[PDB]
Number of protein chains: 2
Amino acid sequence: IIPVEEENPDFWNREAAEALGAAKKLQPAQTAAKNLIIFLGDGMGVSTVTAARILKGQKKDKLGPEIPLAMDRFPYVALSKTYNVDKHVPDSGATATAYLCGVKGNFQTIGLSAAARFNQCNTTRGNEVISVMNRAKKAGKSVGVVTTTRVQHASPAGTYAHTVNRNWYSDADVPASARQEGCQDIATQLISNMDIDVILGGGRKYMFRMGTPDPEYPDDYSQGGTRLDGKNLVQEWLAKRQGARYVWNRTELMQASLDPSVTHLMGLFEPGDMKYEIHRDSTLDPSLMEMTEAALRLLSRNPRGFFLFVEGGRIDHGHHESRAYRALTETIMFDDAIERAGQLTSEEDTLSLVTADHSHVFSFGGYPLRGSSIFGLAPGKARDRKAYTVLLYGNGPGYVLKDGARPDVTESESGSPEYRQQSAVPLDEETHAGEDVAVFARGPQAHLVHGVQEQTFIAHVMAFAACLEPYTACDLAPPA
Amino acid sequence: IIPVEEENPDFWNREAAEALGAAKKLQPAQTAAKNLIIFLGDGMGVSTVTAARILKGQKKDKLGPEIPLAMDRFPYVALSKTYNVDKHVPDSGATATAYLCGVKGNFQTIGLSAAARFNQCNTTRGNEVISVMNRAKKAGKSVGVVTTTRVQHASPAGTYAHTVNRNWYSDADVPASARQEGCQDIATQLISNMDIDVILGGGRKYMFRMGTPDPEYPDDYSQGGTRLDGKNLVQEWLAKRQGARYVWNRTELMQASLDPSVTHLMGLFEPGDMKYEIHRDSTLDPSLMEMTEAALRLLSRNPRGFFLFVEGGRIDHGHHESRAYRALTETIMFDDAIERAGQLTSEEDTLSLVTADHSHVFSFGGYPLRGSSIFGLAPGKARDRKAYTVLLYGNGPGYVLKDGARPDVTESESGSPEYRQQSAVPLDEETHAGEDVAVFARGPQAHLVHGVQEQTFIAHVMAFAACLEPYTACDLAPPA
Ligand SMILES: *[C@@H]1O[C@H](CO)[C@@H](O)[C@H](O)[C@H]1NC(C)=O
Ligand SMILES: *[C@@H]1O[C@H](CO)[C@@H](O)[C@H](O)[C@H]1NC(C)=O
Ligand SMILES: *[C@@H]1O[C@H](CO)[C@@H](O)[C@H](O)[C@H]1NC(C)=O
Ligand SMILES: *[C@@H]1O[C@H](CO)[C@@H](O)[C@H](O)[C@H]1NC(C)=O
Ligand SMILES: [Ca+2]
Ligand SMILES: [Ca+2]
Ligand SMILES: [Mg+2]
Ligand SMILES: [Mg+2]
Ligand SMILES: [Zn+2]
Ligand SMILES: [Zn+2]
Ligand SMILES: [Zn+2]
Ligand SMILES: [Zn+2]
């Protein structure tokens, strides 16, 4: 559909004139950031962002691509180079080390330099690299970890842990030799490595001993505690903090977030990862947006400021399933959380960065008409005279041969929330992609986010902006 | 391979400290641009840029992803939204209208507002939108069009033409009704619409009448002239310009580019598009880099400055064939041309933008090791126990079923210049992609290139920077 208003060149000339005016008004801050927020869209590459924008635009009353995402409104953009030291196409652990600790590492390790080796406990020590969140805490700021995955998953773990193996969620996962050598599981590291004021997401199970019924699924044993060392880490965490509260559901989160004197809040809302937003029980579970507001309620009380990590952690998972519907709906909720944080904080004193850890082999093609669904079919048949989707994957589990050929697909099918887009190569899981991802930035020192940078730049600019870390001699005036 | 130096966190800390220093030194110009250069990588999306960087890095003596492209060194980056008014995934014609005329248009039209309709000659008039190159010429600047495609192809045509149909290369292509209605073929528009000082690329055939032997392929009739109206457009062009010279080979280009008193230069080096760089006859044909130097030699003589359009036009073509080897080698040559222009011009007075018209359904995945060839196989077999490549396409002509299944592939095969990477969907041509592309910018007013913008922004910032177009009342000091 051709929007009549866009047929007039003045429509475009007006918009661009407005764009130039706004571009010209941009000025660098001379003041430091009181607060730091990194929003991490896990797997949210450039193709995911554009596709998400179109979907969200249509979710509203619009044609799609012309409607900005909240992240699109951020003034400063850079491209981030995501390679790990040992692999061109990275994982979440070693990219976390880069954008949270400012040092690149090897695939599947977290918070360690590339002198460490994956799954070799005895290469750990000396190679720990401290996150900017850790450094923010050392400087007196409150710190928060918020994600739709397990809080012990690779991305949030980058804020606090150091491990040669991202799979070491609880002691149950650590080989005896590594346990003997003192490599702690991530759940333990979560409560021991540093003080964290707010911890919100999934991952209940790793905190409790085997036999412990999950409170929300007391009749599904696979959801119960996993630990073999007898520890209740929630209880240990509560015991070492006054003002500490633990919640596992939305209503309790709500009460806690408004309760003055709740100073430490741990909200673990599923046994493992939180449900996709489309499957979320809105009585039992907070959305990402709700969790980030809950975090902000508590974190904003500290006069010295805060560091907050907010992850759209299941964007990635949607893409791995090659279910773009799940990837993009997670991305919209991620964008809503970004929008909400923007409503609850000031860019005068808060440096906010939105980025992705890496991308996916996700593409948006065919030649679909303006206003068409992102989940629709490309106009015109493929060379095999069957339809195909505008959304596709390079590889992954949507590769199908139905009696010896690529199957036709219909609009109703292509539009289903369970639909897996086709790929060129069958894999149980679609693969990450190695191309540059965006960094969006607003707030004090956001103008420093520019050009094409190593992913490590994200950690360093945030540390610099807040006068942390090796930049205590930033030469910045106090936050506005 | 793990580079030993990168195992030390100070490697990363040093680099990022250096990055912050450079970021902090960036200052906006208060002066206008004397010169304007747009480098257009046709089809050169974010995945193409990263893949190209890795290849080029290894072409040198390096592991790949850590080595900047010339374009990577540009300080300012924005994301450009490429949708056409009528289609989410655009073509080269209507994106040209956006980044060259500052107005979005409909798919397969050039230099027309979206009030025009494709292939409807009688919707043309009133809807012409004038390019910033045209406006630069009106302001006394010299102007140059340089590309590896036909100079009448959609992208260069955006600098000078206005047509409802990009396929109208010569009069031979225009229906009688449209000819009767006065819609001129692009080759005619090339010589008639405006004065152009330098025209370098392919497209000899459309300039000469049928029967005219091509000078370089006098024994292949399909390469001869196409025109039915009896016109020799080269002769007509030469006749209306003193100092005018026409060349069809590299040695003549060389002589002309150093010949003072050659004031107008038309170099048409193939009948149609120029050969891929890997197939270029270096005695007969100039590379893109060589052509852009030739252009700069002539254009730089004007004291009022110049506008130059330089296109890596066959990046796109490589991707359409799903031959990433051709796409990426074109991208490297495009980057070399950017590097060369940077050597021959000053960022004190030259605004240079590098961008793409749109992307492709090209992805870079698997989990390949550091230092591995971009054309190599992903480590580990696919779910069908056969190898797969790190480079893949969503759709296109690399979709193969060899006796009823996805064929295995070897390293020697994957690395061949003729190799087509696999896709999910068979198409004669791989399809453009609709995700945002990068804009890289350096020079006076380059800092205005920021955030997420409509593609039209590219035209407007360039016009603004040079105080052209509707921005004669820019409020800028004279060029430095
Ligand atoms: C780590 O332990 C393994 C297993 O015994 C051993 O082979 C290796 O040498 C150790 N490396 C270090 C750094 O001690
Ligand atoms: C939420 O958690 C509390 C325990 O803290 C429990 O009493 C309440 O029943 C829970 N709500 C639901 C709906 O399960
Ligand atoms: C263009 O010409 C066609 C063919 O005769 C006609 O149907 C149509 O109405 C014309 N449109 C305009 C704008 O004159
Ligand atoms: C280049 O063009 C000129 C005509 O301008 C011709 O005399 C010369 O032979 C050409 N060179 C080659 C190698 O064909
Ligand atoms: Ca729950
Ligand atoms: Ca030639
Ligand atoms: Mg994650
Ligand atoms: Mg082109
Ligand atoms: Zn990830
Ligand atoms: Zn992942
Ligand atoms: Zn194109
Ligand atoms: Zn194309």
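Side-chain atoms are counted along with the backbone in the values below, which use heavy atoms only and exclude waters and symmetry mates. Counting starts at 1 for both ligands and their atoms, in listed order. Letters A, B, ... mirror the listed sequences (proteins, then strands); counts begin at 1.
For residue B/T95, no N/O/S atom approaches the Zn ion (ligand 11) to within less than 2.8 Å. Residue contact annotation: B/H358 places an N/O/S atom under 2.8 Å from the Zn ion (ligand 11). Inclusion of A/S155 in the first shell of the Zn ion (ligand 9) is not supported: no N, O or S atom falls under 2.8 Å.
Within B/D42, the N, O or S atom lying nearest to the Zn ion (ligand 11) carries the name OD1. Of all the N, O or S atoms in B/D357, the one closest to the Zn ion (ligand 11) is OD2.
Ring pair B/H320/B/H432 is tilted by interplanar angle, where 30° to 60° counts as tilted.
Put simply, the side chain of A/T159 never gets that close to the backbone of A/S155: no donor and acceptor are under 3.5 Å apart. In terms of modelled atom types and a separation under 3.5 Å, the side chain of B/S80 and the main chain of B/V439 share no donor-acceptor contact.
In this structure, CG in B/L100 is found 10.0 Å from CD1 in B/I110, a value given to the nearest 0.5 Å. Atom CZ in B/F334 sits 5.0 Å away from atom CE in B/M44 (nearest 0.5 Å).
Centroid-to-centroid, the aromatic rings of A/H317 and A/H153 come within less than 6.0 Å. With ring centers used as reference points, B/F107 lies under 6.0 Å from A/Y367. Aromatic rings from A/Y393 and A/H319 are positioned such that their centres are separated by under 6.0 Å.
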Pairs under 3.5 Å, nitrogen or oxygen of ligand 3 with protein nitrogen or oxygen:
| unit_1 | atom_1 | unit_2 | atom_2 | d |
| --- | --- | --- | --- | --- |
| ligand 3 | 2 (O) | B/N122 | ND2 | 2.3 |
| ligand 3 | 11 (N) | B/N122 | ND2 | 2.8 |
| ligand 3 | 14 (O) | B/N122 | ND2 | 3.1 |

